[PDB]
Amino acid sequence: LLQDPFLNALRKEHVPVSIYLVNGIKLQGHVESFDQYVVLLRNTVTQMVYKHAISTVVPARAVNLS
Amino acid sequence: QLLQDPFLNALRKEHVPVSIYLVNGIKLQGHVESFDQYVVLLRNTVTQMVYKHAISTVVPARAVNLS
Amino acid sequence: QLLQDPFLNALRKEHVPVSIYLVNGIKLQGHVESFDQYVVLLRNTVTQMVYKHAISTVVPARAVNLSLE
Amino acid sequence: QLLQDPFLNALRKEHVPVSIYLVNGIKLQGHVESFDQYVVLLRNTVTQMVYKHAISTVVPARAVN
Amino acid sequence: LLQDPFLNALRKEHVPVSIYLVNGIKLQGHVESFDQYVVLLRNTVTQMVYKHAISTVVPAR
Amino acid sequence: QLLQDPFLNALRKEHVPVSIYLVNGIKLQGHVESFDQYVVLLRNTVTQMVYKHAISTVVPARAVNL
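Residue numbers (PDB author numbering), protein chains in the order written: chain E, 7 to 72; chain F, 6 to 72; chain A, 6 to 74; chain B, 6 to 70; chain C, 7 to 67; chain D, 6 to 71.
Structure representation (structure tokens):
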């Protein structure tokens, strides 16, 4: 309900994000795409990240909701 | 959900400052802006999406209204 | 939660102190103040909501009051 | 769980000591009091509640086959 | 449609296997049984291994 | 409605090597041979079964777009 709208926002308004994984590392780049389970983070090369492995997504600049 | 939702909503409404402890030991601070079955929107300097499954404990900076 | 509830509820009502171990090795301590399907509210110097999915084991400081059948 | 129940119930009926290893490395020990879809009740000096999702391996002190 | 034929091939051919857990622990033995949730590993005894705690399973040889 | 099937499928056909990062940090490099809903058959010295719920990110050594 919030997950997609959030993710969809970072993508549309193309804004860099610092994805912190459950393991304890911080990925970066832009949100190329996403579905129920995975998120395609397009940086140098689009790497697939599992949502179950994500701890928290952190945006650089704000983004509307509506 | 006769606890989690009421607990979170009261924090959200009253804007009670919370400390969210991640399973990986990381401590996040701020207040609850909103939430659903799967994520919580924490707001501090910015607004970050936190996955519930990665959350350990949520510690309010003060007692919550359950009545 | 066929077994979960009767277990947590007994600890709550009888006000029995417990130690909650998280999947990361952390040891919480206090009283079961409340619970539902996904979370447990532990009380101590403060009050906090603990997610069940982050819990490994709940160890009571002593067996609850047992009766006949 | 067509295996979990038979496996755990065998330990219960035979009163066989077991070692329960948590996903965090810690090992618990004692007897199997009871169990359902989500949890195992392990008895030692006291009866403690163990979530199955936090379990890696269940190891009996002896063969139950 | 993959893990079952994969696991059944290990029990039907009685091939030793290595089960690595998410915590970094390695388990050796033979696949005695497996269902939708657990994997019965056989050595000195038969232990019940939850799939949710299994990261990988590499065949011995 | 699907993102990981095509992502992994193309990485399979194009024979592109990958570096799989498990939730526990460690990394398993090799080629993707097959994959169902729950696991990914990783090829290398041997063919090992990798449970998806243990994967954090799938990082390809080469890119794949169109």
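Ideal Cβ placement from N, Cα and C applies to all residues, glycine included.
Among the CB atoms of chain E, none fall inside 7 Å of the CB of residue 35(D).
In this structure, residue 37(A) lies near residue 17(A), with their beta-carbon atoms less than 7 Å apart. When CB distances to chain A are screened at a threshold of 8 Å, the residues of the region 41-67 of chain F falling below it are 57, 58, 60, 61, 62, 63, 64, 65, in chain order. Close to chain C, meaning a Cβ-Cβ distance shorter than 9 Å, are the following residues of the region 13-27 of chain D: 27.
Under the Cβ criterion of 7 Å, residue 73(A) is not counted among the residues facing chain B. Of all C-beta pairs linking the region 11-25 of chain B to the region 50-60 of chain A, fewer than three are shorter than 8 Å, placing the two stretches out of contact. Contact check for residue 64(C) and residue 28(D): beta-carbon distance about 17 Å, past the 8 Å limit, so the pair fails to qualify. If you draw a straight line from the Cα of residue 71(F) to the Cα of residue 68(A), it comes to about 29 Å. For residue 70(F), no chain E residue has a C-beta closer than 8 Å to its own C-beta; the minimum C-beta separation is roughly 23 Å.
Residue range 60-65 is occupied by the beta strand (DSSP E) that includes residue 65(C), with no alpha helix (DSSP H) assigned at that position. In the structure shown, residue 6(F) adopts coil according to DSSP, grouped into three states.
Taking C-beta atoms under 8 Å as the contact rule, residue 35(F) and residue 47(F) qualify, at a distance of about 5 Å.
DSSP links residue 47(A) through a beta bridge to 37(A), 53(A). Sequence-distant Cβ neighbours of residue 13(A) in its own chain, meaning closer than 6 Å and more than five residues away, are 37, 40. Taking 7 Å as the cut-off, the beta carbon of residue 6(B) is found closer than this to the beta carbon of residue 43(C).
The C-alpha of residue 15(E) lies about 20 Å from the C-alpha of residue 32(E).
Residue 72(A): not part of any beta strand (DSSP E); DSSP gives it neither H nor E. For residue 49(B) and residue 49(F), the gap between their C-alpha atoms comes out near 46 Å.
Under the DSSP assignment, residue 25(F) falls in the beta strand (DSSP E) whose first and last residues are 22-27.
When only Cα atoms are considered, residue 8(F) and residue 66(F) end up about 18 Å apart. When DSSP reads this structure, residue 18(E) sits in no beta bridge, so it has no partner. Taking C-beta separations shorter than 6 Å and ignoring five residues to either side along the sequence, the partners of residue 53(A) in its chain run 47, following chain order.
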